[PDB]
Amino acid sequence: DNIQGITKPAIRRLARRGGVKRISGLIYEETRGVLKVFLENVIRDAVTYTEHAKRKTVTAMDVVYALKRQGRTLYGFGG
Amino acid sequence: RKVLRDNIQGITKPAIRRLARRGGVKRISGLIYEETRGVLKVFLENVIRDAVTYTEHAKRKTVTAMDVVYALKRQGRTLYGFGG
Amino acid sequence: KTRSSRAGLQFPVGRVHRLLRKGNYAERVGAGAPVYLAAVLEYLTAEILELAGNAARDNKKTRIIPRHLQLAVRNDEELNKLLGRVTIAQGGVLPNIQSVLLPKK
Amino acid sequence: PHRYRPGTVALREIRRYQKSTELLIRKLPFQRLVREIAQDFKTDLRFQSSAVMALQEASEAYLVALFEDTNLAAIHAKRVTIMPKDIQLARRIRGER
Amino acid sequence: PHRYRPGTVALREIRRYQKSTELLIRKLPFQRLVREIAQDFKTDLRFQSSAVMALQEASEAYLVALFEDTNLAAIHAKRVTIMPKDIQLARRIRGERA
Amino acid sequence: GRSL
Amino acid sequence: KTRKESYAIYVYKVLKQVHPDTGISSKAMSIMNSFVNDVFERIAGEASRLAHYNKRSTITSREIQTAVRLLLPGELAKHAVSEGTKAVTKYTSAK
DNA sequence: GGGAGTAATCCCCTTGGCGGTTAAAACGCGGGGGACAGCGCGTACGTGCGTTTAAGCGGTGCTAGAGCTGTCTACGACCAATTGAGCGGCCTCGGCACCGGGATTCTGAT
DNA sequence: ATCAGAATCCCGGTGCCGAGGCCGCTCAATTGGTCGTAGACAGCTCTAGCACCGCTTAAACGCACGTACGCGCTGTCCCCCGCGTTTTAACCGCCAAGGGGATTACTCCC
């Protein structure tokens, strides 16, 4: 599964940026699950805007309007 | 035609306990009481400031239930039945 | 001539007025509304760019980059409260280690 | 005669006040607090009776919800007693200032 | 031989990755994940590269923020080590899990 | 203070 | 090519007031353009509701001023209201 | 009376494959120190109840002001003609990115 | 305390490709005008919010008691870190090609 492409050291680096000094070995499967649930919710919205435009290509603006609807505004991608 | 002070102490210790008990709190350290008063006062300050702003914009002198509902809606803490 | 030059603003009063109309925010838009809103957007722009310019100087840079915008926003109390739900691309995070984690010896 | 041990009626109170929907703060003390706060924002305001009740319903709902999050923080510390650091954690993790 | 004590390099990693702004997940693994998830919603969707980059910025910003709350939840339990219960508490108090 |  | 408008030139004009020797990257410029668009939508969207709640058809500068005091915190609102009031004062004083 | 369904066209961009390299990931290993289970105690929380406070009820008075209706006109929407501000594109060069060298400052063992 | 080792930092040299300036053109700001209705505002009225009294007793308070749980310390076990080695595939420069985003016209429906 492609979720396993979110490798352990990558999750550790995110935790290091998050200021985490010591990481239990169970955190990795938790973080994959949380990320997968997060992406599913945002992509569902972005696909909705894409289908409402009857487009086949999901655009960056479809994602920004998803993230803003999710209450999670992102600056820098033209929205 | 009056000025008010220290009314935050009117939020009694057993009243705070009752709210905590409804919140499922089994046991309450006595430092919670002054902490909860501060938290409540901050919450009320934010809501009332907005409700007064809505009241002043409407040029009213009476703060209405609608001004409170809108002030709460601004927080995402929308309160139902009082109107919309 | 143009309303921005009448208002003493850099920001485009006429374009703000156009956007207020076409956004359908109300059935009509009063002539003072775009002048006031342009002045507010100009102020907030100046407020961030002032702080980001200082953050750039602290990094010896001459060009503001998203690092400096994130530093400017998150180090400023009101701007962090205004942008609390905003994520800035390539911004990073503030340097912050919880004191219990430091190697006390 | 009978004499409860500490924390035995706390469960009875937790049941009673969850089942009871009634407002738990005394109405008139809260009303004076609201007016005291409002007096900073505008002198000689008036409040509709329903407006003060709206504020109290929201305030009790807010505090009850925060005490639930506070209780989780205490349980996470493996404590029964809630403490100010538990409120401060709950507020911080909510992102309140 | 020379050897750093446990946690000495973790602190250097914290300092390093809080200085930098680079995206910490590798792009191709994340992109294949995005396509895998998207394929459940509509067959043969296409993505602008800026859309995948936008999803990555949002995902890393979200996870970094969650780890900060997780770190506080661990420290609150007097622990140094973050654990699933710390993530679950953070998620619960955030209201992401009802 | 603040700008402007 | 299709034409896309943005705030880029005005942010740059303001930048050359606050820090004449400083520049801005196109990514940072994209963020600043996003910021202005977002804050515009908040104030206009609030002022719309303030108009609607008063059953009034017009968004005036008074609707903007209350929306600014509702949205912006602390001193940032106070300064913003000061700049907005000065601008409208100067504008209405123009010939 | 103009929104938008839609059909035909361009060519940007997106997917996809491949070959080199080598940065990053996967794995094993040793052991430091962290998690956490026990236990002890003392302080501070809960339950009791006699005393005190003032919240609540009801009643009554009044007048501030919310709300409603009528009239006017200042204001903003629509319009046509005019203009230059703002855009796309082209180009230039120096700020930033990188290498590499030496300085020095942290780390921890002796 | 002192020292050796690793790491990070500061500094100088090279260079490239992104930011700033300039151009020119086109479409959107704006100028001047008419129109007509939003709302300013003035006047009325009668709701309900504020004030006060005063009686009742629900709730708050304070002081005693004791016991339960906060947390301080300690011991042990095993989980994570650091890092040396092997393996993987991320990256990216290139190239292929064709889907469909976007733009046009045509027209008929609401």
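Chain C residue numbers are taken from Swiss-Prot; in order, the displayed residues are 16-120.
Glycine is no exception: its Cβ is also placed from the backbone N, Cα and C atoms.
The ubiquitin cross-link feature in Swiss-Prot is assigned to C:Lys16, C:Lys120; the stated evidence is similarity to another entry. Annotated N6-(2-hydroxyisobutyryl)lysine per Swiss-Prot: C:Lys37, C:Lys75, C:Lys76, C:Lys96, C:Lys119, in sequence order. Swiss-Prot lists C:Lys96 with the feature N6-succinyllysine, giving similarity to another entry as the kind of evidence. Per Swiss-Prot, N6-glutaryllysine is recorded for C:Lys96, C:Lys119, and the stated evidence type is similarity to another entry. If you look up Swiss-Prot, you'll see C:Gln105 marked as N5-methylglutamine.
Take the Cα of C:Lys96 (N6-succinyllysine) and measure to each of the recorded positions C:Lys16, C:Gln105, C:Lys119, C:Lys120: the nearest one is C:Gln105. For the residue listed as 'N5-methylglutamine', the spatially nearest entry among the recorded positions C:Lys75, C:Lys119, C:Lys120 is C:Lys75, judged by CA separation. Annotated pair C:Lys16 (ubiquitin cross-link) and C:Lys75 (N6-(2-hydroxyisobutyryl)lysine), C-alpha to C-alpha distance, rounded: 40 Å. Of all Cβ atoms in the protein chains displayed, 8 besides its own lie within 10 Å of the Cβ of C:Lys37 (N6-(2-hydroxyisobutyryl)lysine). Ranking the modified residues C:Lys37, C:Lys75, C:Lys76 by the distance of their Cα atoms from the Cα of C:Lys120 (ubiquitin cross-link) places C:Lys75 first. Proximity to chain A, defined as a CB-CB distance below 8 A, holds for C:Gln105 out of the modified residues C:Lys76, C:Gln105, C:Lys119. In the three-state DSSP scheme, C:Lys76 (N6-(2-hydroxyisobutyryl)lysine) falls into the coil class. Using CA atoms as reference points, the modified residues C:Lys37, C:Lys75, C:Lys76 were checked against C:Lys119 (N6-glutaryllysine), and the closest is C:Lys75.
Less than 8 angstroms from a Cβ of chain D: among the recorded positions C:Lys16, C:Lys37, C:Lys96, C:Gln105, C:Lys119, that describes C:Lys96.
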